[PDB]
Each structure stands twice: as C-alpha cells, then as structure tokens.
DNA sequence: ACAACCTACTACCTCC
DNA sequence: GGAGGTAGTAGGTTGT
DNA sequence: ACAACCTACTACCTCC
DNA sequence: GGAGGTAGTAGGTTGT
Ligand SMILES: [Mg+2]
Ligand SMILES: [Mg+2]
Ligand SMILES: [Mg+2]
Ligand SMILES: [Mg+2]
Ligand SMILES: [Mg+2]
Ligand SMILES: [Mg+2]
Ligand SMILES: [Zn+2]
C-alpha cells in the first residue's frame, strides 16, 4: 500500500527565488487600453489584485504612466499561487520558455508528415510548489499544421474545391496566412440547398485582392520575395469564398477569401482510415516513451545552465486495493438482496443468464411505481431510408430480438409492463426530409394519444447531420417517447461465432441503457455516507445565444444509503457562475414538496471546475439564512501533471489530491489523473478551509463506480458530476420530459 | 369621408437633387477598422451594398486606400430608400443638420430648469419621397440633462450620498464628464445587504485620480482653466464609487469613480410629485403648439436659404366612421347570441348589471370545457406585511367583495365552478424575505395537491423590487396558480360617492382581467376574414444572457369567424431574426395534433418590426415545400411622421399607410400613427410585392379592437401582435403554465 | 507573448 | 449517436 | 456625425 | 404591478 511513482516534474535551483518584492498600484481606466496583465508582463511581474490594479514586481518599476508605491514585502508573504506565477515569470525571463524548449525537443523528435499535414512536438510548462521547493512540470503535446494552401490541396480545380467544401461541411475551417492577423473563418453554405457560396464570375476582383494583400503587408523587398516564394503568381481562374469569422460576435461581417491565401485547419475528418490509424498511434504515447523523451530533453537542458538540478522526481502514492463487489447490492432470483461477491460475479455479467444456464439469475434492485401502474408501453422502430436493405432488415431483427429477450427474461420472474410491438409501429422514413419528420410526428401523436410513456428505437445512417439528430430526439421527447439511437457503424459489429447477429457486448450495453432510461436501477451502492445529500453541478454553453442554458445539478439522496437520483436545473446565466441562492431556494422548495425538511442537514457539493467567489458568497448566505452545513470540493480534469503508472491510486501533492480511479484498457496512452482541491466547509455563514482526509477520497472513489450507462466501462468523474454533464448536454439541445417522471428517476439523458 | 390633415414635413427645392452618381467598390477587411459607413460619410456618399462593400457618391472619390470604379448611373435608377438617404446626406452637407436646427429652435424656446435638471429642445430630421418630390420631415423632442455633478447634488456629504444611492437603487446611472469618452456606469451594491460599495478610507487615491484626470485630458492652459472652472478644487473627503459599465460585455471590468467627476443620468424617479407634474406637462405638447413652433422655425429657415420652398403640407386622409358594436357578438340572459348594438350598449358596460337593474344582463360568449369539468377552484389571498393595517383589511374586503360578486352573478345564470375561499387560504407574509416565500410555496403546494387550477390575489407595497415580483409570479405559475397583482397606489383610488370602497372602474377591469386569465372570452368578433389563420410575431431580449428567449407567435384561428387564440414559442435565437422553417414545422405539427391539415391554406403574418431577408427565405422555403400561401405585413410604431389630428383615420403616404386607430383621451400630447408597410405575397416559393387595399386596413382596424385586458382602453397595435408582446414579456421573466391549458385558451399573460 | 481552466466538435481502441 | 477512455482543432470565463 | 427601427426601465392622465 | 396612451434615459440589431 506504498508505491513509488514517477512524475513529469523536476526540481529547480533555489538561487532563482527572489528575495524581496514591491507592490505597485496602477491608475488607468479599463476603457482606454493597455491591459494590466500586459503591463505586469512587460515589467517582469505578476498581478495580485485585479480589482485594485495591484501588481507585484521583483525589480523597480519602469512604467510611463501614473503609479504609486504600495508596499515592500518578501516572497514568503504571498499566497502559493502567486509564488508559482512569479517563479514561472522569472523562469520565462531566464530563457526557460515553451517555444525554446520546443526548439530543444525537435532535435530528438523530428517533424513528421501525415498526408498533407505536419506534426511537430511541443512542451508546455508549469510551476508547482511542494515541500518548500519549486518544481517545473513539463507536458508533452503535438501541433498538427497544414503544409499546403487550399488551392494547392485540391489541384487548382474549381470542381474539386466544391467537392472538398461540400464533403467536409460542418467541420471545415480556413485560416488566412497572407495577413498580419491570422483569423480563422468558417465558410458559408446555402441554408436549404447545401452548396458552397462561391463567386466564379470575377477575374478582376481576384487580381485586386492579390495586389491589395501584396501591397498592404508585404512591402519590403525581402517580404515581397517571401510572398512570391510562398504563394507564387496570381491565379485568376480561382473563385472567391464567402466566409464569416469563427468568433461569435463579428459573425455579421462578411469576408471574401481567396483559396490561394488560406490553409485548412486540421481535422481528422480530412484523412482516410489508414492515415488516421497511424496518426493516432503517433499522437498517443505510452509512459516509457514520455519518460525517455523527457529524460533526453532534461539531459540536454542540464548541460547548458544551472537551473535544473535533478532528474524526474519519484514520489510516494498509496494504492487502492478494495473489492468493489462487496458494496454492490442486487436482487437474486427470489427477489432477495445479495452482493455480487456472494454470487462470485462482477458488474459485467448481469445479463449472461438470459441465454445461458451456468450463471445465476439476476433481477433488478429497484423498479419505479409508475411502471407498475402502467399496463402497456408502445415500442416504435424508426429506420432511416438511406441505409441498405440488409442493414434495415438486420436492424429490425435485432430490435425484435432485444425487446423479446428483455420481455421474456423480465416477465418470467418479476411484474413488468408489456412492451407492445405491432406491425404498424415500424416506420422507414428519410430522416433528412422535413416533411417526413412532420408526418412521422403526426402519426406518433395519433398513435400515442391514450398513453403516458413510449419507447423508440432509431436506426440512422453513418454520418447524420448534428441538427437532424437533435431535432428527431427533441421531437420524440416532446411527445413523451424515450428514444435510443443506433448508427450504421454500430450495426456492422457482429459476433465472432455468429456473423448474422450483433455483438453481444453492444446488446448488453443497449439492454442496460434501455433499462436505465426508464428509471430501473439494476444495482445500487451500500455505504453509509457522512452526508445526507450529494449534489453535482455542471455548466454548458447555449447553442444559439451567448449565454449559458447549462448549469444544472444532480442530487444523490436517500435515508443514508444513497439510492435516489433527481436532476434539477439552475436556469439561465451570463457566464460560468451559479447563483447558489436561487438554486438552494428551489432545492428547499422541491424537497419540501417531496415532504423533506432541508433545515439542519449536511450537503456535499461537487462542482465541475472551480468554485467562484460569487458562489462562495451565495453558499455563505444560504448557510446563514437556512442553517445548512455545506461541504464543497473542486474537481479538475485537464491539467499538466502526469503520473506514470496504470493502477488505481492517489497522491497528495501540494494542497491537492491527484487520483487515478481506473485503469486504461488500451495499449497506447498515459492516463490523466483527477485533481481534488480546495475543500471548503461553510457553517452559519463562515467559510473555513479543511484538509482532504482518506474518507473523502474513498467516498469519491465509491461514487465513481455508480455507472448506469454501461457495464464494461469505468468512468473517471464521480456519478453526480457525470450525470450533471449529461443533463446539461440534454438541456443544451432542448431535450425535456414531464416533471413527475423526472421526480421518479427516469434517466433519459444517459 | 375626405379630410385635409396637416403634417410635419416641408417640400424641398428640386435643384439639390443630384444628376449623376458613381458606384465604388472598397477593398478592405472588416477585421482592420475604418468602417464602410464612415468611409461613405466622409466621402459625401451612402452605402448601397454592405455585402460587396459598394458605395454611391455624387462626386469623385478621394479615398486613400484601394478602390475600383463600378458603374456610372443616374439618381432615378436607385431604390427609393437609397434616394432618401442620398437626399438626407446632401442636406446634411448643405448645412441642414439636426444640431444647427436645434440652434435655430432654441431662439424661440429657451432652456428651462426643473429642480436640478435642464430641458433643451431638439429637432430630428428625415427625408420622405412622395409624389415625385422630396419632403423634409421635422420632429420635435427634448433633451433633459443635469446641470450639477453628483458631489454638488447631495451637498458634499457622505451620508447624503449614501442615502441618494440607496434610495434610487435599480435605476441609478452616472455619466463621467471628466474624460474624453463619456461612458455611462452603473453603481455596484451589496448583493444581500443592499448598501452602496464605497471606499471612505483613502485620502491619497482621490488626489491621484484627480491629478491623473487633470494631466491626461486637460493639458492645455485653456483646458486647465476650463477644468478648474467646471470642477473646482480637489475634495479629499469624498468616497470612491465602485461601478461597472452599462454595456453588457465589459461588465467584468471594475471602474473606480469620483462623485465630483460624474453627473446623474436623468430619471423621473429623482423628482417629487409636483416637479414631475410640471415636467410632464412641459414635455407633452399638443398639436397647436407643435404647429406654431414648427411654423416659427420654418419661417426662420426660409429667410436664410433657398432650400425650403413651402410651409407645412396639407394632405388628404380618409376617415373611419363604422360602428364597431355591430361586429361584437355576446350572449344575452337566455344564452342567445346578440350584438351590443341591439342591446344599445357598448363594450364598457358589460358588468353594470351586477349592481343595477336598469341594464340588460350580459353573459359571456365562450366558456372552456375544462372549467366545466372542474368542480372547485381554490382562491388564495396573499398580502404583503409592509402595508398599513387599514390597507390590508381593505384589500381583503375588496377581494372578498370581488370574488363574491363574480360568484353570485355567474352562478345565477350559467354553469360555473365554485371558487372556494377559506379562512386558511389567506396569508400575510413579508414579500422581500426568501424564507417567507419558500414557506408560502411549501404551504401552497401542500394545499393544492389534489387540484388542477387555482387563483391568487396578491396585494403588494408601493415600490416592490422587480426581481421579487417576477420571483413571486414565477413560483406561483410553477405550482399551477393564476395570479393577479394589485399594488398600494391602486388601492388608494376610491369611488367619489363611496369612500370606503374601491373605484368601480378598477373593479370592472379586475373582473375582466380575472375572467380573461382563465380562458373565458366574454365577447368575440363577427367577420368573415379573407385568411384562415392570423399569426402575430414579436421578439424580446433575455434577462441574463446575450440572446433572445423572446420570439413567439399568437395564432388567431377558427373555421372562418375568428374566435380561438393559441400562443406558441419560436424558441431561442441569437439576434432579431425568426427561423421561420422551424416555426412553421412545429406549427404544422401542433395544428395536425389538433386534427387540422395545414396544407393549401392561407396565413396572414403580422410581424412587430421589419421582416428580415432570412425570414423571407424561410417563408419562401416553407411555401415551396408545404404548399402554403403566406401574406406578410410590416407594422412600425416608432417613426418621425406626425399627423395633427385626433380622429380614427388613415393616410396613404409613399408606399406606406399611416393610420390613427384610436383617439387620445388626454388633453396633452399628439398621437403617434401606426405604419403599415411592405405587404408581401409568398406562393410556391416566389415572393411578390402587393398593394395595401382598403380591406387590409379595415381588417387590421377590426383586429385592433379585440382587447381582453380592459374594457375602457383602446390599444394601438392589433391583437395578435399585442398578445405576442405580452407572451414574450411573460416568457422573458420565466412565467409558464401547462400545455393543454395553453391549448384551451387561458391567457395568463394579460 | 496573460495564466489556468472550461466548453463544443472530429477521430481511433477496448470491453464479458 | 453501445459507452468509456485518450489525441487533435477552435474559442471563452475568471482571477480580485 | 450611419440610418431606421426595436427593447428595457421611470413618470403622469383617463376610463362606465 | 387596473390597462391603455404619451414623455424621457440607456443600449442593441439590420441593411446586402
Ligand atoms: Mg464545467
Ligand atoms: Mg461538463
Ligand atoms: Mg446514450
Ligand atoms: Mg419587436
Ligand atoms: Mg415587443
Ligand atoms: Mg395584467
Ligand atoms: Zn454576447
């Protein structure tokens, strides 16, 4: 239970840590220009207080405007984040920058071409204080650029350019490289036809744009020679592309682009299958390759300066060896509770008793009451007409097999409603047609008049447009139908012994997802948690507006052995900042309409990202008024620290906990650890900082196993945060069901 | 039926109309600066095509950048809008500008002080082509500014400044006049306390900000003398105000302001009752004062140039003399249809039979079926605790009188459900407390468990905060309760003969609004319209995000004699542009789920504002695919043309119709006419322009009388546009009710 | 040349 | 969109 | 010094 | 927010 792990950080020399620093207050308006972070960066310092425009500098100020001397302090009187930023700024002053380390790294890893793209290695650096010393954290990445322009890519043909723009519609971006400001633009298509918008009747505007781009930016003879080398002569046979900026606010400013002056932004859609396979084998590196590359880079650094004083550091991590099958309760064939450790199976063999007799019969733990009151549930089969006929018949046969197997294996032991499939419930329509969607909606309303719940199985094409998918799912959710979508590439995965049937793994995942979408919880967790309610919060952007329809919470709650899941919504915000006062007000209203008093209890809040100061003030006001004790955690997924091990473990570094809660089943890649940081306790209006104990890590590890979407995959995030992310994904696309169905479970977003 | 009316436009000289013009194409990026409208204005021209950067100029170009000569054309080959813009640009070139006409106007109307504010007259000009000639339209307005700064307003006292900021919280704006860019800021208060955020412990930052504002902008000795005259010496006893910009996007940039350097933006909240009475008597001018002032101004203009060649023009308008009581059907005391002209009454005596016997008994035309199935409806009385005790008892007594009178007068003749008032249904809570709101919501959920519809009567204070009103109404609408709110200033309006009762006008309006909120249509319209469906569309901004949750439609529909009102929602947009494809798709889905086929019918679309080109393309695609014939109108409320008459009339001017559909009951003010413009017919994918006939004006005038909010007030807008505006007002604040209640009428937003 | 994070998409591999 | 990981691209929010 | 419109708020008066 | 008008203040969207 004590293992030595290797990380990607090195110890720095302590002779670069500054002795004394000065604070300066800058007197200027935001509404003029010359941003305060730029003033701090040009004056070799950092920003402490953005509210009062206070900067910290290890040297004397050389500012041209008005300033005032605030204070003379030491380096140890600062918070640790500002110390890390100051050490990083001094390291960038002393020649240790990201692009110089990229220059050093490219001597051992040459740029590699893949088709029409080029991959170049890259180092990203950070500073972490641990044990009184500062460590430089290095992270390996790659940059994939285009070595050819758009006009030279298609062979200087207009029809090839039209086919390239029409084929990759939806994820095509063009970057202008002939201007001083390299802006990324998106091409504009016809809204109802889909053709690209080009002007192929202007041989004079092309010459005017060519001469304007030549005379405005490339004015020196060396710049003229570089322009004639890079782009060559003017081609008057090329069209003019209509494009908008990728930035949302200047999207109403039309831009005329030349295909000779733009390059395509890299996407993996623009490659074939083979080159995609080699490029994703090349980008994903294992732990040993990263260790060797970082060791070669650090050995190159250490023979040129005296800053790096050590190799890759070895830390101590505590392993997690706990059988999770002891805490997973389920029903047996007689409907009696039992842990899968007593049945000597795992989570992944819940449905193997359907077609075999050498395995115990597993019945679900919880069935909702509304499913018991409901006599029949209609099941519809919607098939896209763009598929081949054998794929259509195979999809209908697999849907009939799936529903019949579920109906037999559930009706032989427990009280389940009848899923009705009729020959008039099967439709084969074109999904990209609006009239077919409208007629299918009319027919499904006329079929589901005297009913409360229905199920649909949709079979789509290989590459359906993203608007059509959201439209079909939203129109099905508005008419009280839970839908499950299977694409064409999924239907090509067959069993190794039976080629005429689907793969059994996909059938079991579809069984579990269909059962979980109607509120059935097959297995629950048995653990007496220290908190009565566990609330997970996540935010997502809105699709059309510049705001946030995302912002929702998922509550795990019970009497003390957590079984119940309820999702609620924050509402609508302007940025990424939850109004906790309104959130807790409708939380108390909803839980009091359930019959539970939310006064004097304990609530554990897991927030995806970082808790802002406005959220802290709202939680303090809620704790002062309603008298609730709140414990908040901060979960971070994307950082630069990497642990070179593939095992369930955790590591205490600085004031954070980096845990690996799963193992990577692939043979390529390094797992990204999860960061727990800034445990806050709010009680009676006062916020205190706490220490992350072993019980919090153990409870988060236990909450990371409550997966209702699949039986063979282990997720990284805890279950309330994961279901909050799926709920804001559902609410972003406009997907909604009735309220009392949301109160009885019914995880329709999984 | 032929009356001569006077307008506010004068004929221009025809020797200023240009002979020939040139077109120029400008080659520059939007992402650099130097906007194309500024290039057109500095080069004495206008912009024709913003897509292709095409400008029109009557003279030769003097541009420094790259340009190309497009074409040489005449003035008569342009559209009329571009001709009006060119004539307006030439008039601003020849000295006829708005501020110079304001200089001319201030000789006859001196600036007038009201308290601490100053009112100055102002002329706004436009150009309208009519009959082959161009007319300059002049519009009278006023500008009210502040003659004193914020520090001199409160008497240079910190407690008076704190009381002034705390009293006018919510509508306080401060403009900085010590900078080159005059930006309007909003002060920042505490989120849960309400106190202003001031720094009264900095005698050094005030001097630094004073010296910085002195040395940055006012650097010349004349500017230093003007700065010392305007602001005087530095006061080090003043605090520093924390403020944000009023512009939404830079609201995260904190600004430190000095109260000596800022002025208060004018609001009528900052005046007493007497000064508000004189200032609104002074701002609202009748027709004769505007005629005399414009005649004096035009007589001053005509003796200085040769451009204006006539006085105020007299046009011909057609009067509307049609008795609207013939087309208003209602039920009698035998439930038999009858027009109020047969009963020899009007719209305004529908409830006078309740307390009198010399008037006929009037029963409503339509009662919804769901009200007939419902046996009982609970009625709650919520009273704010901030009121005085006599006001509380008077509000409860008036609510009991209102419900008892409605119950008796409706139960004696027709089949009405019983409105239940119990002694436990009356609550007296503090509305500004969150815990009282939460407990009231819990109690109302526990009281309305086995019920489908309830009614609430709320009595609030004089000045309730706008967040609390929306919160209370949203929490009542979420628990299936229709609410009606009466404030404290409404309860002080008593009858002239009975001082212990409410005014009978307010009681009748509350009766009609309460009856209309539960789907009861008292009177309908009898007219065979030329269109099967009439759809009104309006948009409103979202509260917190930068987008548009507004965008909704109201459909007036029947078999041909319009009686049924259904509101639907567009969804969520980015700007002011309706996606007509999705709107018509869920329209066909909703009307087919009602059992009506929407193929081959005619739909009249009334849009609040102007129909964009994307809406035109969407309507063309909908008409091509679904085969619907669409007729679109454009309704304009705010323009510069004024008709100096107080009578129902219409006037054909240019290609638009300016109608006065109502009379102003006040003794001050000039009525603003409504503009009908750009009648479009879309059939089989082609959009043609039509002419506004007499039948369209007559049908719009008939639709302008379908008011369900009051019986004594005549609205200007047509009824679908008005109800669309009220529906986006409801959906902006988050107010929503169940679906099948929305399908059965139930105008909850009136 | 402002950092440390967070979304939205595309692609491959691997499970019982 | 069988569900979960890892890779890449482009933007946007928050420090106080 | 870009026009013609559209929101969001505050205030008074007038109805049977 | 009795409902409708007219007055003022500040911003924001669309021309093609
Ligand atoms: Mg997040
Ligand atoms: Mg998320
Ligand atoms: Mg799913
Ligand atoms: Mg509008
Ligand atoms: Mg409106
Ligand atoms: Mg109302
Ligand atoms: Zn925005």
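Only the coordinates and a few stated rules stand behind these numbers; no lab work does. Cβ: placed from backbone, ideal geometry, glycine included. Neighbour counts: every protein chain shown.
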Q. Residue A:343 label points, 7 Å along Cα→Cβ, one per copy: pairwise distances from this copy to the rest in nm, shortest first?
A. 7.2
Q: Just subtract the alpha-carbon distance of residue A:439 and residue A:527 from 0.36 nm times their residue separation and send over the number in nm, one decimal.
A: 26.7 nm
Q. With the Cα gyration tensor of segment B:451-508 giving a ≥ b ≥ c as the square roots of its eigenvalues, does the rule (a/c under 1.5 for rounded; else a/b larger than b/c for prolate; else oblate) give rounded, prolate or oblate?
A. oblate
Q: For residue A:30, go 7 angstrom from Cα along the Cα-to-Cβ vector, then report the distances to that same point in the other copies in nm, smallest first.
A: 2.6
Q | Residue order, fewest to most surrounding Cβ atoms within 10 angstrom, among A:699, B:62 | A | B:62, A:699
(Q) Averaging the inverse of every distinct alpha carbon separation and then flipping it gives the Kirkwood radius. What is it for segment B:73-206, in angstrom units? (A) 19.5 Å
Q: Sort B:375-388, B:591-604 for me by packing, meaning the mean count of neighbouring Cβ atoms within 10 Å per residue, highest on top.
A: B:375-388, B:591-604
Q | Projected area averaged over orientations for segment A:150-260, convex hull of C-alpha atoms, nm² | A | 7.3 nm²
Q | Calculated P(r) tail over 17 Å for segment A:272-337, as whole % of Cα pairs | A | 72 percent
Q: Using a 10 Å cut-off on Cβ to Cβ distances, tally the other chain neighbours for every residue of A:579-591 and report the average as a whole number.
A: 3
Q) How much of the calculated P(r) for the protein assembly as shown lies past 70 Å, in percent of all Cα pairs? A) 13 percent
Q: Determine, from the Cβ-Cβ distance of residue B:37 and residue B:313 and an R0 of 35 Å, the FRET efficiency 1/(1 + (r/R0)^6), rounded to the nearest 0.05.
A: 0.70
Q: Using just the alpha carbons, could you tell me how many Å³ per residue the convex hull of chain A encloses?
A: 207 Å³
Q.
Taking the number of other C-beta atoms within 10 Å as the exposure measure, put B:688, A:339 in order starting with the fewest.
A. B:688, A:339
**Q.** Average partner coverage of B:241-253, which counts Cβ from other chains inside 10 Å
**A.** 2
**Q.** Kirkwood hydrodynamic radius of segment A:1-110, from inverse mean 1/r over distinct Cα pairs, in Å
**A.** 16.2 Å
Q. Let a ≥ b ≥ c be the square roots of the eigenvalues of the Cα gyration tensor of segment B:638-739; is it rounded (a/c under 1.5), or, if not, prolate (a/b larger than b/c) or oblate?
A. oblate
Q: Just the number, please: Stokes-Einstein D of segment A:439-558 in µm²/s, Kirkwood Rh from C-alpha pairs, 10 °C, 1.306 mPa s.
A: 88 µm²/s
Q. Once you sort the root eigenvalues of the Cα gyration tensor of segment B:364-517 as a ≥ b ≥ c, which label holds: rounded (a/c under 1.5), prolate (a/b larger than b/c) or oblate (the other case)?
A. oblate
Q: Report the residue of chain B with the smallest Cβ-to-axis distance, using the rotation axis that brings B onto A, in whole Å.
A: B:546, 2
**Q.** For residue A:221, inter-copy label distances in nm, listed shortest first [label point 7 Å out on the Cα-Cβ vector]
**A.** 5.2
Q.
Let me check the size of segment A:527-595 from its C-alpha atoms; what are the radius of gyration and Dmax in Å?
A. 13.8, 43
Q) What is the extension gain from residue A:404 to residue A:322, computed as 0.36 nm multiplied by their sequence separation minus the C-alpha to C-alpha distance, in nm to one decimal? A) 25.7 nm
Q: Determine the distance separating the Cα centre of segment A:675-721 from the Cα centre of segment B:335-371; give it in Å without decimals.
A: 66 Å
**Q.** Ratio Rg/Rh [Cα only; Rh per Kirkwood] for segment B:67-150
**A.** 1.18
Q | Rounded to whole Å, sorted largest first: equivalent-ellipsoid semi-axes of segment A:591-707, Cα gyration tensor | A | 32, 16, 12
Q. Over the Cα atoms of segment B:234-372, Rg to Rh with Kirkwood Rh, two decimal places?
A. 1.25
Q.
Rounded to whole Å, give me the distance from the Cα center of segment B:383-441 to that of segment B:79-140.
A. 54 Å
Q: Diagonalise the Cα gyration tensor of segment B:697-750 and give the resulting equivalent ellipsoid semi-axes, square root of 5 times each eigenvalue, largest first, whole Å.
A: 23, 12, 11
Q. Which distance in Å, rounded to a whole number, links the C-alpha centroids of segment A:571-608 and segment B:206-262?
A. 42 Å
